[PDB]
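This report concerns only the one structure given below.
Sequence lines set the chain letters: A, B, ... in the order given, protein chains first and strands last, and positions in each chain run from 1.
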Amino acid sequence: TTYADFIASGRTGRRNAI
Amino acid sequence: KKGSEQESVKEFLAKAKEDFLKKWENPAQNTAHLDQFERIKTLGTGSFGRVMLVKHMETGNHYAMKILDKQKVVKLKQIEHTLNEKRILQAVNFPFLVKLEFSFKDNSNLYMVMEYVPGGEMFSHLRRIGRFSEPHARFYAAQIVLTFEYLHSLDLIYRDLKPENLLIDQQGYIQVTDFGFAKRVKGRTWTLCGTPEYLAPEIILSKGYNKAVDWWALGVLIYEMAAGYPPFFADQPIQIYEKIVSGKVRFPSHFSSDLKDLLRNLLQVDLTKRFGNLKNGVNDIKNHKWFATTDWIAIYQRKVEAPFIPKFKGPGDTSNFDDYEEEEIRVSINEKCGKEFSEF
Ligand SMILES: c1nc(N2CCC3(CCCNC3)CC2)c2nc[nH]c2n1
C-alpha cells in the first residue's frame, strides 16, 4: 500500500528545509 | 460573487495593513535581556539553532525562546532571511500567528522570545494518529487559508508551510511558528528555499515565483493531513522533484469528491489555473464545496469547537514535545557579526 511504502521510507521523520 | 462579507474582509485587512506598516517601518528592538529568563528545556532545533521553554522571572510566564548563533547564520548565508524573520514577526497580528513578545541579542546570539504553544507540533499528532479525518483536516486548513489571506494582503510570502511548523494551542487551534523564510515582496522572488515535499514546480524549475507557491504548499498540507502521507514522496529529494514537476497526482480511495477537486485546483502546475492565483483570489478557495460547512468568521473568532484538545499537565509541561540533547549557552567576551545584525 502507499501508506506502507511511506512508513518504510526514510522521510517519515522531521524534514529539513533546503 | 462579490458581497457584504467580502467588503467587511477588505475593510478589516486595510486596518490590519495600517497596524502592520507602523511596526514594519519602526521595529521593536532590544526589549529584554537573557538574564531575565530561566532556561528549562529544548522544544525543537534547526540549522538556525534551538528553541527552548523559558520562564520569565518578573512575571512567572512561560515562553519559547529561539536562540540563533550569529556566526552560524553568517556561514549559512541566512543574514537577510534572519532579519526578515524578526522584522516580520514583530510586525504581524493574527489569531493563528505566534506572538513575538521580546527580542534581543548579545555578543554571540540573537534571541526571539515568543508565546509558548503547549500542544506540540501538528507533525507529532499527525504521524502518531496516521491521518486526520476530512472535518479534522478542514478545521486546520481553514485557519491556514485565513492566515495566508492576511499575510498575502501585507505583501508577505510565507514559504515554509508544513506540519513541523504548525503548533497546537491549549484550545486545539493552530499557531504558525516558523518565519525563517517569510519575505515582504511586491514583485516576484527567486530564492530556492522551503522543504522538498512542499515545493511548488516553479521553485524547482528556478523561475521567479510569487504568493501562488503558498497556495500549492496548502494543497500539499491538506493532502498530507487527510492521507497521512504527502502527495509526492521518495527516499531522495531529486526523486520528489521529478514527481512534483511531472504533472501527476494520485489520491487515496477514501478522499471525498470535493477534496480531490479542491486538491486538483491547488496542486495545479499551471499558474493561470491554480486556486488562490486567479481573478477571484482567495474566494475560489473559501467558496469551494469542500469548505461549504466552514463558517469563516466563527473560525477567526475561535468559536468553533476544536476536534482535538492536547493533554495539559500544567504550566511548563512539555509532554507534547520530543526530547532533544541540551547544550549550555556560551556568550563570547567579544562581539561577533555586529555590523551584519545591527538592525536586529
Ligand atoms: C513551542 N514550541 C515552539 N517551537 C519552535 C518551532 C519548532 C522547532 C523548529 C521547527 N518548527 C517547530 C517547535 C518548537 C515555538 N515557537 C514559538 N512558540 C513555540 N512554542
Side-chain angles (χ1 to χ4, degrees), chain A, chain B residues 44-48 76 78 81 120-124 126-128 130-131 159-165 178-181 191-199 203-204 217 220 223-224 227-241 243 249-255 321-322 324:
Chain A
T1 67
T2 310
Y3 163 83
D5 291 336
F6 177 67
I7 291 305
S9 81
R11 298 186 66 95
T12 71
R14 290 184 171 86
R15 302 154 289 196
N16 298 320
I18 45 83
Chain B
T45 63
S47 51
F48 65 70
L76 290 167
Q78 295 303 302
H81 288 163
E121 297 174 5
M122 180 197 287
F123 170 89
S124 301
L126 179 57
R127 289 292 181 276
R128 170 169 186 126
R131 62 179 177 94
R159 307 197 290 187
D160 210 17
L161 188 72
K162 56 181 171 182
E164 294 94 312
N165 293 354
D178 294 75
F179 292 77
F181 300 125
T191 305
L192 171 60
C193 65
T195 303
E197 287 87 338
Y198 285 76
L199 301 179
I203 302 173
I204 294 156
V220 181
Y223 186 113
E224 186 177 329
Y229 51 83
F232 318 105
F233 75 83
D235 284 322
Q236 296 308 309
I238 181 60
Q239 300 168 297
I240 298 170
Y241 305 150
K243 287 172 175 197
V249 190
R250 278 188 67 86
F251 304 105
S253 58
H254 64 76
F255 273 24
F321 293 84
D322 283 314
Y324 292 86

Mind listing the closest non-hydrogen atom pair of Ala17(A) and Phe181(B) along with its distance?
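Smallest heavy-atom distance, with atoms named: CB-CE1, 3.5 Å.
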
Specify the closest pair of heavy atoms between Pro230(B) and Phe6(A), including all atoms of both residues, with the distance to one decimal.
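Closest heavy-atom pair between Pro230(B) and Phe6(A): CD-CE1, 3.5 Å.
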
Side chains of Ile18(A) and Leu192(B): does their closest heavy-atom pair fall under 4.5 Å?
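Yes; the side chains approach each other to less than 4.5 Å.
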
Does any part of the side chain of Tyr229(B), heavy atoms only, come nearer than 4.5 Å to the side chain of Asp5(A), both counted from C-beta?
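No, every pair of side-chain atoms sits at 4.5 Å or beyond.
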
Measure from the side-chain N and O atoms of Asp235(B) to the backbone N and O of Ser9(A), and report whether any donor-acceptor pair falls under 3.5 Å.
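Not confirmed, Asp235(B) side chain does not pair with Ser9(A) backbone.
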
Check whether any side-chain N or O of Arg11(A) sits under 3.5 Å from a backbone N or O of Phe233(B) as a donor-acceptor pair, and report yes or no.
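Absent.
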
Side chains of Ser124(B) and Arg14(A), donor plus acceptor under 3.5 Å
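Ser124(B) vs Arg14(A): donor-acceptor pair found between side chains.
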
What's the verdict on salt bridge (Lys or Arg N to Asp or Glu O under 4.0 Å) for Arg15(A) and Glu224(B), showing C-alpha distance, side-chain angles and the deciding distance?
CA-CA 13 Å; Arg15(A) 302 154 289 196; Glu224(B) 186 177 329; 2.9 Å; yes

Select one option (side chain, backbone, both, neither) describing which atoms of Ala227(B) are under 4.5 Å from chain A's heavy atoms.
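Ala227(B) has no heavy atom closer than 4.5 Å to chain A.
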
Rounded at 0.5 Å granularity, tell me how far CD in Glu164(B) sits from CG in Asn16(A).
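The CD atom of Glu164(B) sits 9.0 Å away from the CG atom of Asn16(A).
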
